[PDB]
file query_7.tsv (TSV, C-alpha atoms and all ligand atoms)
chain	number	residue	atom	x	y	z
A	83	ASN	CA	204.75	144.87	126.82
A	84	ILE	CA	202.61	144.71	129.94
A	85	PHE	CA	200.10	146.27	127.56
A	86	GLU	CA	200.37	143.31	125.17
A	87	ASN	CA	199.64	140.93	128.04
A	88	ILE	CA	196.49	142.83	129.04
A	89	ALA	CA	195.28	143.01	125.43
A	90	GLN	CA	195.80	139.26	125.10
A	91	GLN	CA	194.07	138.66	128.43
A	92	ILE	CA	191.00	140.66	127.38
A	93	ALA	CA	190.91	138.94	123.97
A	94	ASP	CA	191.06	135.57	125.72
A	95	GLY	CA	188.28	136.58	128.12
A	96	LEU	CA	186.01	137.82	125.36
A	97	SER	CA	186.52	134.62	123.35
A	98	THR	CA	184.55	132.81	126.07
A	99	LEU	CA	181.40	134.85	125.32
A	100	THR	CA	179.06	132.81	123.14
A	101	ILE	CA	177.89	136.05	121.48
A	102	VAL	CA	181.46	136.61	120.35
A	103	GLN	CA	181.79	132.96	119.25
A	104	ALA	CA	178.67	133.42	117.10
A	105	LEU	CA	180.71	135.96	115.11
A	106	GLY	CA	182.96	133.00	114.24
A	107	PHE	CA	185.68	133.40	116.83
A	108	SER	CA	186.76	130.44	118.94
A	109	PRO	CA	187.75	130.26	122.60
A	110	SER	CA	191.41	131.24	122.59
A	111	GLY	CA	194.47	130.87	124.77
A	112	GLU	CA	193.95	128.77	127.88
A	113	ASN	CA	190.23	128.44	127.03
A	114	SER	CA	190.87	126.69	123.71
A	115	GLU	CA	188.30	123.92	123.28
A	116	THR	CA	189.98	122.24	120.25
A	117	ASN	CA	193.13	120.78	121.77
A	118	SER	CA	195.11	118.10	119.92
A	119	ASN	CA	195.79	115.24	122.36
A	120	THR	CA	197.35	112.32	120.49
A	121	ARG	CA	198.49	109.94	123.24
A	122	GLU	CA	196.26	106.96	123.58
A	123	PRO	CA	195.24	105.51	126.94
A	124	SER	CA	196.50	102.15	128.18
A	125	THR	CA	193.00	100.70	127.90
A	126	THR	CA	189.83	101.09	125.87
A	127	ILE	CA	187.95	104.03	127.40
A	128	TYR	CA	185.66	104.62	124.43
A	129	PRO	CA	182.90	103.91	123.88
A	130	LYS	CA	183.05	102.26	127.33
A	131	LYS	CA	185.78	101.50	129.85
A	132	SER	CA	183.47	99.40	132.00
A	133	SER	CA	180.37	97.63	130.73
A	134	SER	CA	178.75	99.15	133.81
A	135	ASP	CA	179.36	102.67	132.52
A	136	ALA	CA	176.70	104.81	130.90
A	137	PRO	CA	177.15	105.26	127.14
A	138	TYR	CA	178.73	108.37	125.69
A	139	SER	CA	176.50	110.47	123.41
A	140	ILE	CA	179.39	112.71	122.34
A	141	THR	CA	182.14	111.64	119.97
A	142	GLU	CA	185.49	110.82	121.53
A	143	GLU	CA	186.93	113.54	119.28
A	144	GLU	CA	184.94	116.22	121.08
A	145	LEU	CA	185.28	114.63	124.52
A	146	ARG	CA	189.07	114.56	124.19
A	147	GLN	CA	189.37	118.00	122.61
A	148	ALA	CA	187.93	119.86	125.60
A	149	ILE	CA	190.98	118.77	127.70
A	150	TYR	CA	193.75	121.37	127.93
A	151	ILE	CA	197.11	119.77	128.65
A	152	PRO	CA	199.91	122.32	129.27
A	153	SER	CA	203.26	121.64	127.67
A	154	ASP	CA	204.74	121.31	131.21
A	155	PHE	CA	202.50	118.30	131.97
A	156	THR	CA	204.46	115.28	133.20
A	157	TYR	CA	202.01	112.47	132.29
A	158	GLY	CA	202.11	110.88	135.74
A	159	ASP	CA	205.41	111.93	137.34
A	160	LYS	CA	203.32	114.36	139.43
A	161	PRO	CA	199.71	113.72	140.49
A	162	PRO	CA	197.43	115.09	137.75
A	163	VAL	CA	194.75	117.56	138.79
A	164	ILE	CA	191.76	118.15	136.48
A	165	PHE	CA	190.12	121.59	136.80
A	166	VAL	CA	186.40	121.88	135.99
A	167	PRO	CA	184.77	125.31	135.50
A	168	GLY	CA	181.34	126.60	136.47
A	169	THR	CA	178.28	127.63	134.49
A	170	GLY	CA	179.01	130.13	131.73
A	171	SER	CA	182.78	129.72	132.07
A	172	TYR	CA	185.83	127.76	130.85
A	173	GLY	CA	188.40	125.82	132.85
A	174	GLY	CA	191.19	128.11	131.70
A	175	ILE	CA	189.73	131.36	133.00
A	176	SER	CA	187.78	129.98	135.98
A	177	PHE	CA	191.04	129.08	137.75
A	178	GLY	CA	194.04	130.71	135.97
A	179	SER	CA	193.98	133.77	138.28
A	180	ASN	CA	193.49	131.60	141.40
A	181	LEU	CA	193.83	127.88	142.38
A	182	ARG	CA	195.40	126.66	139.14
A	183	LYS	CA	198.02	129.42	139.17
A	184	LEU	CA	198.93	128.37	142.73
A	185	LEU	CA	199.09	124.73	141.58
A	186	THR	CA	201.39	125.49	138.63
A	187	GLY	CA	204.96	124.28	139.08
A	188	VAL	CA	204.58	122.42	142.40
A	189	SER	CA	205.42	118.80	143.18
A	190	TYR	CA	202.03	117.55	144.43
A	191	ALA	CA	199.97	118.69	141.43
A	192	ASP	CA	200.05	118.66	137.64
A	193	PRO	CA	197.15	120.72	136.28
A	194	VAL	CA	194.97	120.09	133.24
A	195	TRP	CA	191.54	121.64	132.66
A	196	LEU	CA	188.28	121.23	130.77
A	197	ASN	CA	187.08	123.73	128.16
A	198	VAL	CA	183.60	122.42	127.37
A	199	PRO	CA	181.88	123.82	124.26
A	200	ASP	CA	179.39	126.62	124.89
A	201	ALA	CA	180.79	127.68	128.29
A	202	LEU	CA	179.28	124.73	130.23
A	203	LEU	CA	175.77	125.94	129.31
A	204	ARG	CA	174.70	122.81	127.37
A	205	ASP	CA	172.89	119.77	128.81
A	206	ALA	CA	174.68	118.94	132.11
A	207	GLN	CA	174.25	115.22	131.41
A	208	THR	CA	176.69	115.83	128.54
A	209	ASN	CA	178.89	118.14	130.58
A	210	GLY	CA	179.12	115.14	132.93
A	211	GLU	CA	180.36	113.04	130.00
A	212	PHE	CA	183.26	115.46	129.64
A	213	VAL	CA	184.36	114.98	133.27
A	214	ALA	CA	184.01	111.18	133.08
A	215	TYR	CA	186.06	111.00	129.88
A	216	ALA	CA	188.69	113.35	131.31
A	217	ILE	CA	189.25	111.22	134.42
A	218	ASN	CA	189.64	108.00	132.45
A	219	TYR	CA	191.67	109.62	129.67
A	220	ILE	CA	194.09	111.57	131.87
A	221	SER	CA	194.74	108.55	134.10
A	222	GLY	CA	195.00	106.17	131.13
A	223	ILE	CA	197.73	108.27	129.49
A	224	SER	CA	199.53	109.07	132.75
A	225	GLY	CA	200.82	105.64	133.64
A	226	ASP	CA	197.37	104.86	135.10
A	227	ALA	CA	198.07	107.26	137.98
A	228	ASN	CA	195.20	108.40	140.14
A	229	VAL	CA	193.92	111.89	139.30
A	230	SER	CA	192.27	114.59	141.38
A	231	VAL	CA	189.33	116.82	140.42
A	232	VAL	CA	188.83	120.46	141.43
A	233	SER	CA	185.57	122.10	140.40
A	234	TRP	CA	183.68	125.37	140.58
A	235	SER	CA	179.89	125.71	140.71
A	236	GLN	CA	178.18	123.25	138.28
A	237	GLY	CA	181.55	121.54	137.75
A	238	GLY	CA	181.15	119.72	141.06
A	239	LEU	CA	177.63	118.71	140.10
A	240	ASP	CA	178.99	117.48	136.75
A	241	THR	CA	181.62	115.42	138.59
A	242	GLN	CA	179.04	113.76	140.85
A	243	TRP	CA	177.06	112.88	137.72
A	244	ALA	CA	180.16	111.34	136.12
A	245	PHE	CA	180.83	109.33	139.30
A	246	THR	CA	177.24	108.18	139.59
A	247	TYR	CA	176.78	106.96	136.03
A	248	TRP	CA	180.42	106.18	135.09
A	249	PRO	CA	181.43	103.86	137.98
A	250	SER	CA	184.82	103.25	136.36
A	251	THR	CA	185.88	106.80	137.30
A	252	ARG	CA	185.43	106.29	141.03
A	253	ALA	CA	188.52	104.04	141.17
A	254	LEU	CA	190.91	106.71	139.81
A	255	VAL	CA	190.17	109.86	141.87
A	256	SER	CA	192.10	110.42	145.09
A	257	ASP	CA	190.54	113.83	145.76
A	258	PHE	CA	187.43	115.67	144.63
A	259	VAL	CA	187.60	119.33	145.74
A	260	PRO	CA	184.41	121.17	144.70
A	261	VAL	CA	184.37	124.92	145.36
A	262	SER	CA	180.89	126.49	145.70
A	263	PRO	CA	179.16	123.29	144.41
A	264	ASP	CA	175.39	123.06	143.95
A	265	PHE	CA	174.81	119.36	144.60
A	266	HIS	CA	171.12	120.17	145.21
A	267	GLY	CA	170.92	122.80	142.49
A	268	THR	CA	169.63	126.25	143.39
A	269	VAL	CA	166.24	127.90	143.93
A	270	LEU	CA	167.59	131.07	142.32
A	271	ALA	CA	167.35	129.22	139.01
A	272	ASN	CA	163.68	128.43	139.68
A	273	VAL	CA	163.06	132.12	140.33
A	274	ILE	CA	165.05	133.46	137.38
A	275	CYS	CA	163.57	130.97	134.93
A	276	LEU	CA	160.05	131.43	136.35
A	277	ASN	CA	160.03	127.69	136.34
A	278	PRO	CA	158.13	125.17	138.49
A	279	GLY	CA	160.94	122.65	138.42
A	280	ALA	CA	160.46	118.94	137.85
A	281	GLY	CA	161.18	119.70	134.18
A	282	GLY	CA	157.91	121.58	133.83
A	283	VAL	CA	157.34	124.29	131.23
A	284	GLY	CA	158.32	127.58	132.89
A	285	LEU	CA	157.81	131.07	131.55
A	286	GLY	CA	161.47	132.06	131.54
A	287	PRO	CA	163.71	130.90	128.69
A	288	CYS	CA	166.97	129.63	130.17
A	289	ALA	CA	170.07	127.73	129.11
A	290	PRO	CA	169.69	123.94	129.49
A	291	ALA	CA	172.30	123.73	132.25
A	292	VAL	CA	170.54	126.53	134.16
A	293	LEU	CA	167.18	124.72	134.04
A	294	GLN	CA	168.83	121.48	135.19
A	295	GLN	CA	170.38	123.37	138.11
A	296	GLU	CA	167.00	124.27	139.60
A	297	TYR	CA	166.60	122.99	143.15
A	298	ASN	CA	163.95	120.38	142.24
A	299	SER	CA	165.04	119.71	138.67
A	300	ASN	CA	164.79	116.29	137.04
A	301	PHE	CA	168.59	116.32	136.64
A	302	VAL	CA	169.20	117.07	140.32
A	303	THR	CA	166.46	114.73	141.55
A	304	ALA	CA	167.63	111.84	139.35
A	305	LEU	CA	171.26	112.38	140.32
A	306	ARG	CA	170.54	112.43	144.06
A	307	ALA	CA	168.17	109.45	143.91
A	308	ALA	CA	170.95	107.48	142.18
A	309	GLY	CA	173.60	108.16	144.86
A	310	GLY	CA	174.81	111.60	143.76
A	311	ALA	CA	174.16	113.19	147.15
A	312	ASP	CA	176.87	111.14	148.90
A	313	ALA	CA	180.59	111.22	148.23
A	314	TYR	CA	182.23	108.49	146.14
A	315	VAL	CA	185.86	109.52	146.80
A	316	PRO	CA	187.34	111.76	149.54
A	317	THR	CA	185.50	115.04	148.98
A	318	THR	CA	186.54	118.45	150.30
A	319	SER	CA	183.57	120.74	149.66
A	320	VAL	CA	184.22	124.43	150.26
A	321	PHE	CA	181.35	126.91	150.21
A	322	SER	CA	180.32	130.36	151.48
A	323	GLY	CA	177.19	130.93	153.61
A	324	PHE	CA	177.64	134.72	153.32
A	325	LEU	CA	176.69	135.15	150.56
A	326	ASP	CA	176.39	132.86	147.50
A	327	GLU	CA	174.42	134.98	145.02
A	328	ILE	CA	174.21	132.03	142.58
A	329	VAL	CA	173.48	129.05	144.85
A	330	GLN	CA	170.84	129.16	147.60
A	331	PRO	CA	170.42	127.61	150.10
A	332	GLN	CA	174.15	127.48	150.89
A	333	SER	CA	174.54	127.38	154.69
A	334	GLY	CA	174.89	124.56	157.17
A	335	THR	CA	173.95	120.97	156.52
A	336	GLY	CA	171.13	122.29	154.34
A	337	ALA	CA	173.54	123.92	151.90
A	338	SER	CA	173.32	122.72	148.30
A	339	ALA	CA	177.10	122.28	148.63
A	340	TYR	CA	176.76	119.84	151.55
A	341	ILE	CA	177.94	116.36	150.53
A	342	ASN	CA	176.79	113.51	152.78
A	343	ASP	CA	179.12	110.56	153.46
A	344	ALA	CA	176.94	107.45	153.81
A	345	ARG	CA	179.60	105.34	152.03
A	346	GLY	CA	182.17	106.40	154.62
A	347	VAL	CA	184.80	107.42	152.07
A	348	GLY	CA	185.68	110.63	153.99
A	349	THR	CA	184.20	114.14	153.62
A	350	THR	CA	184.94	117.68	154.73
A	351	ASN	CA	182.11	120.23	154.55
A	352	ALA	CA	183.80	123.60	155.03
A	353	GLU	CA	181.61	126.72	155.30
A	354	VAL	CA	184.37	129.34	155.44
A	355	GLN	CA	182.43	131.69	157.71
A	356	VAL	CA	182.01	128.80	160.18
A	357	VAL	CA	185.53	127.38	159.95
A	358	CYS	CA	187.26	130.77	160.10
A	359	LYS	CA	184.87	132.33	162.59
A	360	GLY	CA	186.67	134.73	164.92
A	361	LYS	CA	189.98	134.10	163.16
A	362	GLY	CA	190.36	136.69	160.41
A	363	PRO	CA	188.96	138.22	157.24
A	364	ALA	CA	188.78	134.84	155.48
A	365	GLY	CA	185.70	134.22	157.65
A	366	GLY	CA	184.06	137.36	156.23
A	367	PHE	CA	181.88	137.96	153.20
A	368	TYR	CA	182.71	135.85	150.14
A	369	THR	CA	180.78	135.47	146.92
A	370	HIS	CA	180.11	132.41	144.75
A	371	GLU	CA	183.25	133.44	142.88
A	372	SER	CA	185.42	135.26	145.41
A	373	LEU	CA	185.59	132.02	147.45
A	374	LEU	CA	188.11	130.77	144.86
A	375	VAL	CA	190.74	133.12	146.37
A	376	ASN	CA	189.84	132.54	150.02
A	377	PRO	CA	192.87	131.17	151.94
A	378	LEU	CA	190.72	128.47	153.52
A	379	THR	CA	189.93	127.22	150.02
A	380	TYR	CA	193.58	127.04	149.00
A	381	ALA	CA	194.70	125.62	152.35
A	382	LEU	CA	192.07	122.87	152.22
A	383	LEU	CA	193.00	122.05	148.63
A	384	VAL	CA	196.71	121.52	149.37
A	385	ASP	CA	195.98	119.59	152.55
A	386	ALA	CA	193.69	117.27	150.57
A	387	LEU	CA	196.34	116.72	147.92
A	388	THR	CA	199.16	116.00	150.39
A	389	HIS	CA	197.30	113.54	152.71
A	390	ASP	CA	195.12	110.45	152.47
A	391	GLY	CA	191.48	111.47	152.74
A	392	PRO	CA	190.03	114.95	152.35
A	393	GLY	CA	191.33	118.32	153.43
A	394	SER	CA	191.24	118.53	157.22
A	395	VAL	CA	189.98	121.69	158.93
A	396	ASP	CA	191.40	120.37	162.21
A	397	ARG	CA	194.91	119.76	160.86
A	398	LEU	CA	195.18	123.28	159.47
A	399	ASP	CA	196.60	126.21	161.38
A	400	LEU	CA	193.33	128.14	161.22
A	401	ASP	CA	194.87	131.14	162.99
A	402	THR	CA	197.31	131.57	160.06
A	403	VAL	CA	195.06	130.41	157.20
A	404	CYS	CA	192.07	132.54	158.20
A	405	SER	CA	194.19	135.66	158.76
A	406	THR	CA	194.29	136.92	155.16
A	407	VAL	CA	191.75	137.97	152.53
A	408	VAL	CA	193.39	136.01	149.70
A	409	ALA	CA	195.41	132.83	149.45
A	410	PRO	CA	199.18	133.31	149.97
A	411	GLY	CA	200.78	133.97	146.61
A	412	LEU	CA	197.83	135.90	145.18
A	413	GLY	CA	197.26	139.62	145.47
A	414	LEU	CA	194.13	141.68	145.70
A	415	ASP	CA	194.27	141.79	141.90
A	416	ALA	CA	193.03	138.17	141.98
A	417	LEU	CA	189.94	139.58	143.71
A	418	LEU	CA	189.40	141.83	140.68
A	419	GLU	CA	190.11	139.16	138.06
A	420	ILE	CA	187.61	136.77	139.67
A	421	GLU	CA	184.94	139.49	139.55
A	422	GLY	CA	185.45	139.67	135.79
A	423	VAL	CA	185.27	135.89	135.44
A	424	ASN	CA	181.83	136.12	137.02
A	425	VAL	CA	180.73	138.96	134.73
A	426	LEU	CA	181.72	137.05	131.59
A	427	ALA	CA	179.81	134.01	132.92
A	428	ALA	CA	176.78	136.21	133.69
A	429	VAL	CA	176.81	137.65	130.16
A	430	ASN	CA	176.90	134.09	128.80
A	431	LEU	CA	173.88	133.08	130.91
A	432	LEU	CA	171.87	136.09	129.73
A	433	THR	CA	172.84	136.08	126.05
A	434	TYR	CA	173.18	132.39	125.17
A	435	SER	CA	171.18	131.62	122.05
A	436	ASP	CA	169.90	128.22	123.27
A	437	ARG	CA	167.25	129.39	125.73
A	438	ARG	CA	164.46	126.96	126.54
A	439	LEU	CA	161.26	126.66	128.53
A	440	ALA	CA	161.80	123.07	129.64
A	441	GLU	CA	164.70	121.10	131.04
A	442	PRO	CA	166.50	118.54	128.79
A	443	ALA	CA	165.06	115.04	128.82
A	444	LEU	CA	166.83	112.67	131.17
A	445	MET	CA	168.87	110.19	129.20
A	446	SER	CA	167.64	106.61	129.41
A	447	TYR	CA	170.58	105.79	131.74
A	448	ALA	CA	169.61	108.29	134.52
A	449	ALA	CA	165.92	107.19	134.58
A	501	LIG	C1	192.63	106.21	143.85
A	501	LIG	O1	191.44	106.75	144.41
A	501	LIG	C2	190.50	105.72	144.69
A	501	LIG	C3	189.20	106.34	145.16
A	501	LIG	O2	189.48	107.28	146.20
A	501	LIG	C4	191.03	104.75	145.74
A	501	LIG	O3	190.16	103.61	145.78
A	501	LIG	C5	189.67	103.36	147.11
A	501	LIG	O4	190.66	102.73	147.92
A	501	LIG	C6	190.21	102.42	149.23
A	501	LIG	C7	191.38	101.87	150.03
A	501	LIG	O5	192.56	101.95	149.23
A	501	LIG	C8	189.09	101.39	149.12
A	501	LIG	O6	188.65	101.01	150.42
A	501	LIG	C9	187.94	102.00	148.33
A	501	LIG	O7	186.90	101.03	148.17
A	501	LIG	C10	188.45	102.46	146.97
A	501	LIG	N1	187.40	103.16	146.27
A	501	LIG	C11	187.10	102.90	145.00
A	501	LIG	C12	185.78	103.43	144.53
A	501	LIG	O8	187.85	102.28	144.27
A	501	LIG	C13	192.43	104.25	145.40
A	501	LIG	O9	193.04	103.67	146.56
A	501	LIG	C14	193.33	105.37	144.91
A	501	LIG	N2	194.54	104.78	144.37
A	501	LIG	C15	195.74	105.28	144.63
A	501	LIG	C16	196.90	104.54	144.03
A	501	LIG	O10	195.90	106.28	145.31
A	502	CA	CA	193.72	113.23	149.81

call {"tool": "encode", "arguments": {"input": "query_7.tsv", "output": "structure tokens", "more": "lines below"}}
Ligand SMILES: *[C@@H]1O[C@H](CO)[C@@H](O[C@@H]2O[C@H](CO)[C@@H](O)[C@H](O)[C@H]2NC(C)=O)[C@H](O)[C@H]1NC(C)=O
Ligand SMILES: [Ca+2]
result
Amino acid sequence: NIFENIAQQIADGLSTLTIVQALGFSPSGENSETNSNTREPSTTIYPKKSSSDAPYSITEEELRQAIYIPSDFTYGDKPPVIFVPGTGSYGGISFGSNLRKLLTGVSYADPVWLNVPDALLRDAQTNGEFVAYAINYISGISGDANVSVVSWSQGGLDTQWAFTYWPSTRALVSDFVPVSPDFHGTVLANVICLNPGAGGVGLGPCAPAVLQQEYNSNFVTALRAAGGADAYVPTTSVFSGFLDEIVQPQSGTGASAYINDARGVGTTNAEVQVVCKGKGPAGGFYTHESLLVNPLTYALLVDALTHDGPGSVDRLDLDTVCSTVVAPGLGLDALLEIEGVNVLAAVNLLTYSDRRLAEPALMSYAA
């Protein structure tokens, strides 16, 4: 029986590989990207909720289908929480072994998650459309409750892009909790794609979302010049300065994950090695992916969800939070699962058929 659950886990993990999907399989289980969601929202959200919003380029059918609503969802009784995966991954598997498992069956959260086609590798401007639609749609079918957003890696960058160009979504998000975000992209993408940045032809073929996540990319530059480098809602950014093998730089105020707060809406910038320094293993070495099981990450998420404003380092009992390797309620097996999540993602990055020399054109709205 325990065998059947491992077989089904592996099958669900492999269905997220685009090479396997090319054989005609679809993402399965919690990574299903063809969900049937038949409730309508209280208000027109398509093609625009606000006449200030950027247009959608993707059909509402596809936008809505990437949202995975568990049967246990309470449509507003609890506060909804939308989970957003990172590059090469799906919302189901990015968080099922970590944060979303911990947020299943509690009173202050009600999880749903995004399964974007092609493992979040496609143009990030369209990944951003998925987050914008999800915020408006989930709220609009949940009694117009506020939602929260938790993201991993490019997910946070996608959320800032939805906030920047879909203003209507700012009004409905109590908390944005990005884990290992790259709000300034990453120079490791410039290196791997042998690419000058600024959308220039580079010698390394790379997925569109990878090219747009270069440190100086047109996507990142446009987003930051439009306001994407400052928080729009209370933002609890959690990142590791030792060592993020995907996102660099990633330490101090210069970290790609650092969100400024010029609008004064409230921000926490938590480098775990800083916050937990001298106080336990949770201040030790954490990867881009292993951060998702760090107790500081979980503690700051719950704090943010149970209090006005962002998660508060100073309100936490750092002596207790920092004292363990993994969040309470996970085992060291979560450390293993999250390593496999990263491997699957890596495979996707290396083997995705849509490799390009140049970064997607900015849509007319971003320019
Ligand atoms: C839902 O979240 C939004 C954004 O965090 C909240 O809207 C902000 O509310 C504060 C004070 O209530 C205002 O000063 C800001 O200008 C608002 N921001 C935006 C962009 O609207 C809103 O209060 C939350 N709603 C609920 C019911 O929690
Ligand atoms: Ca809060």

call {"tool": "residues_around", "arguments": {"input": "query_7.tsv", "residues": "residue 379 of chain A", "least_positions_apart": "5", "cutoff": "8 Å", "atoms": "all atoms listed in the file", "output": "PyMOL selection string"}}
result
chain A and resi 261+320+373-374+409

call {"tool": "residues_near_ligand", "arguments": {"input": "query_7.tsv", "ligand": "ligand LIG 501 (chain A)", "cutoff": "7 Å", "atoms": "only C-alpha atoms and all ligand atoms", "output": "list in words"}}
result
residues 227, 228, 252, 253, 254, 255, 256, 257, 314, 315 and 316 of chain A

call {"tool": "atom_distance", "arguments": {"input": "query_7.tsv", "atom1": "atom CA of residue 434 of chain A", "atom2": "atom CA of residue 170 of chain A"}}
result
9.1 Å

call {"tool": "closest_atom_pairs", "arguments": {"input": "query_7.tsv", "of": "chain A", "to": "ligand CA 502 (chain A)", "cutoff": "10 Å", "atoms": "all atoms listed in the file", "output": "tab-separated table"}}
result
residue	atom	partner	partner_atom	distance
A:230	CA	A:CA502	CA	8.7
A:255	CA	A:CA502	CA	9.3
A:256	CA	A:CA502	CA	5.7
A:257	CA	A:CA502	CA	5.2
A:258	CA	A:CA502	CA	8.5
A:259	CA	A:CA502	CA	9.6
A:315	CA	A:CA502	CA	9.2
A:316	CA	A:CA502	CA	6.6
A:317	CA	A:CA502	CA	8.5
A:318	CA	A:CA502	CA	8.9
A:348	CA	A:CA502	CA	9.4
A:383	CA	A:CA502	CA	8.9
A:384	CA	A:CA502	CA	8.8
A:385	CA	A:CA502	CA	7.3
A:386	CA	A:CA502	CA	4.1
A:387	CA	A:CA502	CA	4.8
A:388	CA	A:CA502	CA	6.1
A:389	CA	A:CA502	CA	4.6
A:390	CA	A:CA502	CA	4.1
A:391	CA	A:CA502	CA	4.1
A:392	CA	A:CA502	CA	4.8
A:393	CA	A:CA502	CA	6.7
A:394	CA	A:CA502	CA	9.4

call {"tool": "residues_around", "arguments": {"input": "query_7.tsv", "residues": "residue 424 of chain A", "least_positions_apart": "3", "cutoff": "9 Å", "atoms": "only C-alpha atoms", "output": "NGL selection string"}}
result
:A and (170-171 or 176 or 370-371 or 419-421 or 427-429)

call {"tool": "atom_distance", "arguments": {"input": "query_7.tsv", "atom1": "atom CA of residue 109 of chain A", "atom2": "atom CA of residue 430 of chain A"}}
result
13.1 Å

call {"tool": "residues_near_point", "arguments": {"input": "query_7.tsv", "point": "(173.8, 128.1, 147.5)", "cutoff": "10 Å", "atoms": "only C-alpha atoms", "output": "ChimeraX atom specification"}}
result
/A:235,262-270,297,321-333,336-340,370

call {"tool": "atom_distance", "arguments": {"input": "query_7.tsv", "atom1": "atom CA of residue 164 of chain A", "atom2": "atom CA of residue 190 of chain A"}}
result
13.0 Å

call {"tool": "residues_around", "arguments": {"input": "query_7.tsv", "residues": "segment 211-214 of chain A", "least_positions_apart": "5", "cutoff": "7 Å", "atoms": "all atoms listed in the file", "output": "mmCIF file with C-alpha atoms, keeping the file's coordinate frame"}}
result
data_model
loop_
_atom_site.group_PDB
_atom_site.id
_atom_site.type_symbol
_atom_site.label_atom_id
_atom_site.label_comp_id
_atom_site.auth_asym_id
_atom_site.auth_seq_id
_atom_site.Cartn_x
_atom_site.Cartn_y
_atom_site.Cartn_z
ATOM 1 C CA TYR A 138 178.730 108.370 125.690
ATOM 2 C CA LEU A 145 185.280 114.630 124.520
ATOM 3 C CA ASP A 240 178.990 117.480 136.750
ATOM 4 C CA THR A 241 181.620 115.420 138.590
ATOM 5 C CA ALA A 244 180.160 111.340 136.120
ATOM 6 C CA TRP A 248 180.420 106.180 135.090
ATOM 7 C CA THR A 251 185.880 106.800 137.300
#

call {"tool": "closest_residue", "arguments": {"input": "query_7.tsv", "among": "A:356, A:308, A:88, A:293", "to": "residue 443 of chain A", "atoms": "only C-alpha atoms"}}
result
A:293

call {"tool": "residues_around", "arguments": {"input": "query_7.tsv", "residues": "residue 260 of chain A", "least_positions_apart": "6", "cutoff": "7 Å", "atoms": "all atoms listed in the file", "output": "VMD selection string"}}
result
chain A and resid 232 to 234 238 318 to 320

call {"tool": "closest_residue", "arguments": {"input": "query_7.tsv", "among": "A:155, A:247, A:301, A:177", "to": "residue 223 of chain A", "atoms": "only C-alpha atoms"}}
result
A:155

call {"tool": "closest_residue", "arguments": {"input": "query_7.tsv", "among": "A:355, A:124, A:117, A:342", "to": "residue 311 of chain A", "atoms": "only C-alpha atoms"}}
result
A:342

call {"tool": "closest_residue", "arguments": {"input": "query_7.tsv", "among": "A:351, A:369, A:147, A:435", "to": "residue 203 of chain A", "atoms": "all atoms listed in the file"}}
result
A:435

call {"tool": "closest_residue", "arguments": {"input": "query_7.tsv", "among": "A:225, A:442, A:366, A:284", "to": "residue 159 of chain A", "atoms": "only C-alpha atoms"}}
result
A:225

call {"tool": "residues_near_point", "arguments": {"input": "query_7.tsv", "point": "(162.4, 133.9, 122.4)", "cutoff": "12 Å", "atoms": "only C-alpha atoms", "output": "PyMOL selection string"}}
result
chain A and resi 285-289+433-439

call {"tool": "write_last_selection", "arguments": {"input": "query_7.tsv", "atoms": "C-alpha atoms", "output": "CSV table (one decimal), keeping the file's coordinate frame"}}
result
chain,number,residue,atom,x,y,z
A,285,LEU,CA,157.8,131.1,131.6
A,286,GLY,CA,161.5,132.1,131.5
A,287,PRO,CA,163.7,130.9,128.7
A,288,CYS,CA,167.0,129.6,130.2
A,289,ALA,CA,170.1,127.7,129.1
A,433,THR,CA,172.8,136.1,126.0
A,434,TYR,CA,173.2,132.4,125.2
A,435,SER,CA,171.2,131.6,122.0
A,436,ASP,CA,169.9,128.2,123.3
A,437,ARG,CA,167.2,129.4,125.7
A,438,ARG,CA,164.5,127.0,126.5
A,439,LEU,CA,161.3,126.7,128.5
